[PDB]
There are 2 protein chains.
Amino acid sequence: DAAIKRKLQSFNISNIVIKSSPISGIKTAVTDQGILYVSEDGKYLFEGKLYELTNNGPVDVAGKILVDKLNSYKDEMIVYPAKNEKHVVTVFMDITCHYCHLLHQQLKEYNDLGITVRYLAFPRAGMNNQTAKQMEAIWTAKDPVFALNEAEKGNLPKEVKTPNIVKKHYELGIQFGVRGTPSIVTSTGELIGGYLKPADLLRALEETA
Amino acid sequence: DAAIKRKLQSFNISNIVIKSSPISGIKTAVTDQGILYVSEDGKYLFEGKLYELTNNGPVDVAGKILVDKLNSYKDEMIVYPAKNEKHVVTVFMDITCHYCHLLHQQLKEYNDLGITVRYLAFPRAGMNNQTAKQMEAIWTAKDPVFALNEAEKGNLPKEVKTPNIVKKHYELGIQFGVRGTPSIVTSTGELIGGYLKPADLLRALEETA
């Protein structure tokens with residue numbers, strides 16, 4: 001991993017970070033230009049996308065590289081655990097979205113189907129508005145569940161913070177390909193992005209192991 | 001190379017053809033979906049693009065895989081050799097193009113600068129018109145140089161054939177990224193696509209070794 005990030009610097013490649021590529025001789029170089037792939041040597045770069053069709057289909061190796069990134073935010077997520085979970089899905093949500101709202105009005109149901117809902121923020125209209133500022137407030141509050149539960153009931157925070165964690169959540173969403181909300185990211189890194197009622201959300205999860 | 005094209009068939013991948021990838025453990029799989037990269041094993045596919053910045057910059061490995069493809073058409077090219085060549089450039093040309101025309105009116109000059117001009121066809125307005133049919137005729141004639149020399153003087157062939165070799169030349173041009181004519185492809189696989197007077201064409205070639 002040592003003899004590498006040198007030539008990459010000399011190729012305008014930022015925040016270089018090496019890793020376990022499912023292909024020896026190479027290392028999954030999670031750079032600021034994307035999830036690259038480089039030789040132990042460091043003379044060949046893949047600015048493409050590495051897969052493995054396994055059986056279900058063209059499953060991108062970086063899918064799992066990405067999921068770790070997300071999970072690594074666990075303590076920023078606004079969790080709504082279930083009696084005892086059978087599923088743990090992360091949802092990208094926006095406070096001004098009817099379906100995100102609806103999905104929220106059913107945490108009890110999702111919870112009661114053994115699905116733990118974990119929220120990450122996804123301010124659609126960019127980080128430049130009262131709305132993106134309210135979510136920062138909500139996500140960093142003293143008790144996010146209360147803050148969020150109240151925002152969903154119409155009580156937005158009067159004061160407000162500057163987008164930061166919501167920004168980090170946003171950017172991670174794009175990496176996943178979030179193009180609207182709500183968007184449910186499976187615990188196996190998948191992505192059934194879009195609203196899905198309790199029941200339906202269950203099958204979708206059970207069907208795809 | 002044996003234990004490979006099996007899973008690839010089982011991933012809707014046509015005209016599979018393995019090859020020398022500058023990276024062991026893998027093989028430059030020139031498929032009908034593009035120049036892929038696969039593991040000796042055959043469980044991992046790169047549907048991306050492999051490079052090597054060397055020194056001049058991000059030189060694509062498939063550049064050389066491609067050039068061989070082109071060169072492999074040598075006996076279809078309409079050549080205009082020079083006393084004794086110092087350069088051998090392949091030009092994608094169209095008969096209804098002012099600059100392709102102009103470039104042609106100077107074969108003597110290019111020739112006299114030690115540059116052998118080799119023409120491949122590139123019918124821009126697709127293979128569906130009198131023009132694409134005339135070039136097929138020209139490229140497959142009994143003496144293409146005469147046929148072409150005459151087409152450039154305004155004497156197009158009366159009869160006409162159905163696009164085929166011009167088609168193969170066309171498709172190879174797109175692979176190279178030809179977006180207009182003329183487009184000069186260097187002997188080192190490069191691509192200074194666009195008109196370039198004799199002199200200028202020389203430097204461009206000499207500068208880049």
Side-chain angles (χ1 to χ4, degrees), chain A residues 63 66-82 85-107 109-132 134-157 159-205:
Chain A
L66 232 57
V67 75
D68 301 337
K69 171 78 156 309
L70 173 148
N71 277 346
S72 87
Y73 292 149
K74 168 184 169 180
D75 301 321
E76 284 171 45
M77 291 167 209
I78 303 194
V79 197
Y80 289 88
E85 56 180 58
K86 292 164 196 53
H87 306 302
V88 180
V89 310
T90 306
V91 176
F92 284 83
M93 172 227 84
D94 191 307
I95 53 179
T96 58
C97 140
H98 176 244
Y99 279 107
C100 306
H101 172 72
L102 187 63
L103 147 34
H104 197 287
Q105 289 188 297
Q106 304 170 53
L107 275 323
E109 286 68 296
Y110 294 97
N111 267 332
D112 283 321
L113 269 172
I115 309 182
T116 284
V117 180
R118 324 193 306 181
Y119 296 121
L120 277 177
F122 193 81
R124 296 171 304 184
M127 326 290 297
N128 192 50
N129 58 304
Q130 198 189 65
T131 296
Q134 307 177 306
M135 282 182 262
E136 236 293 313
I138 297 172
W139 255 264
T140 57
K142 252 187 50 48
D143 186 322
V145 172
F146 185 90
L148 178 64
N149 284 336
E150 285 292 291
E152 290 297 308
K153 288 178 190 164
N155 306 321
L156 289 173
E159 47 73 294
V160 127
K161 300 180 188 66
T162 290
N164 178 185
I165 292 179
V166 281
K167 191 171 170 304
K168 179 168 63 187
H169 290 175
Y170 186 90
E171 306 174 319
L172 164 72
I174 297 185
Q175 289 187 50
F176 267 100
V178 190
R179 304 176 54 164
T181 53
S183 295
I184 300 90
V185 175
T186 237
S187 44
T188 74
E190 208 178 71
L191 167 57
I192 333 165
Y195 174 56
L196 277 176
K197 49 199 293 176
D200 301 56
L201 173 58
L202 184 62
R203 293 168 238 148
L205 274 150

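Within every chain, numbering begins at 1; the chains are lettered A, B, ... in the order of the sequence lines, protein sequences first and strands thereafter.
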* Compute whether any side-chain donor of one residue and acceptor of the other, for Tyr110(A) and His87(A), lie under 3.5 angstrom apart. => no
* Write down the atom of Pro198(A), the atom of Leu113(A), and the distance for their closest heavy-atom approach. => C-CD1, 3.3 Å
* Mind checking whether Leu107(A) and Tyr119(A) have side chains closer than 4.5 Å, heavy atoms only? -> yes
* For the pair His104(A) and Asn149(A), evaluate side chain to side chain contact (heavy atoms under 4.5 Å, CB included) and give the outcome as yes or no after the intermediate values. => CA-CA 9 Å; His104(A) 197 287; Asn149(A) 284 336; 3.2 Å; yes
* Take atom OH in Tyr73(A); do more than 12 heavy atoms of anything else shown fall under 6.0 Å from it? -> yes
* All salt bridge (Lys or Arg N to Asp or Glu O under 4.0 Å) counterparts of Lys74(A), not counting sequence neighbours -> none
* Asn164(A) vs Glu136(A), side chain to side chain contact (heavy atoms under 4.5 Å, CB included): CA-CA, chis, key distance, verdict -> CA-CA 7 Å; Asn164(A) 178 185; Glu136(A) 236 293 313; 3.7 Å; yes
* To do: Search all heavy atoms of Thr181(A) against all heavy atoms of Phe92(A) and return the closest pair with its distance.
  => CG2-O, 3.4 Å
* Qualifying salt bridge (charged side-chain N to carboxylate O under 4.0 Å, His left out) pairs with a residue from residues 89-106 of chain A, counting only residues at least two apart or across chains -> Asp94(A)-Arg124(A)
* Can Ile184(A) and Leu205(A) be said to form a side chain to side chain contact (heavy atoms under 4.5 Å, CB included), step by step? -> CA-CA 10 Å; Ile184(A) 300 90; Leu205(A) 274 150; over 6 Å; no
* **Counterpart residues, side chain to side chain donor-acceptor pair (under 3.5 Å), relative to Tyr195(A) (two or more places apart)** => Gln106(A)
* With a 4.5 Å heavy-atom cut-off, do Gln130(A) and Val160(A) have their side chains touching? -> no
* To do: Kindly indicate whether the side chain of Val178(A), heavy atoms from C-beta on, has any atom under 4.5 Å from the side chain of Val185(A).
  => no
* Quick one: are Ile95(A) and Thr131(A) in side-chain contact, heavy atoms under 4.5 Å? -> yes
* Would you mind listing every salt bridge (charged side-chain N to carboxylate O under 4.0 Å, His left out) that reaches into residues 176-186 of chain A, with sequence neighbours excluded? => none
* **Check: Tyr80(A) and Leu148(A) side chains under 4.5 Å, non-hydrogen atoms** => yes
* To do: Look up atom CG in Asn128(A) and atom OG1 in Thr162(A), then write down how far apart they are to the nearest 0.5 Å.
  => 10.0 Å
* **Residue list, salt bridge (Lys or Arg N to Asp or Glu O under 4.0 Å) with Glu76(A), at least two apart or on another chain** => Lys168(A)
* **Closest approach of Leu196(A) to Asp200(A) (non-hydrogen atoms, all atoms of both residues)** => CD2-CB, 4.1 Å
* **Closest non-hydrogen atom pair, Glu109(A) against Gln105(A)** => OE2-O, 4.2 Å
* How about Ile78(A) and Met93(A): do any of their side-chain heavy atoms sit closer than 4.5 Å? -> no
* For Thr116(A) and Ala82(A), which heavy atoms make the closest approach, and how far apart are they? -> OG1-N, 3.4 Å
* To do: With rounding to the nearest 0.5 Å, note down the distance linking NZ in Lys197(A) to OH in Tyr99(A).
  => 11.0 Å
* Asked: Atom CG in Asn71(A), atom CE in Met77(A): separation rounded to 0.5 Å?
  -> 6.0 Å
* Asked: About how many Å separate CG of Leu201(A) and CZ of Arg203(A), when rounded to the nearest 0.5 Å?
  -> 10.0 Å
* Structure fact -> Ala147(A) and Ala141(A) have their tightest heavy-atom pair at CB-CB, 3.8 Å
* Determine, stepwise, if the pair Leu70(A) / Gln175(A) fulfils side chain to side chain contact (heavy atoms under 4.5 Å, CB included). => CA-CA 10 Å; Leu70(A) 173 148; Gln175(A) 289 187 50; over 6 Å; no
* **Counterpart residues, side chain to side chain donor-acceptor pair (under 3.5 Å), relative to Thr90(A) (two or more places apart)** => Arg118(A)
* Give, for atom CE of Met135(A) and atom NZ of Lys161(A), the distance between the pair rounded to the nearest 0.5 Å. => 13.5 Å
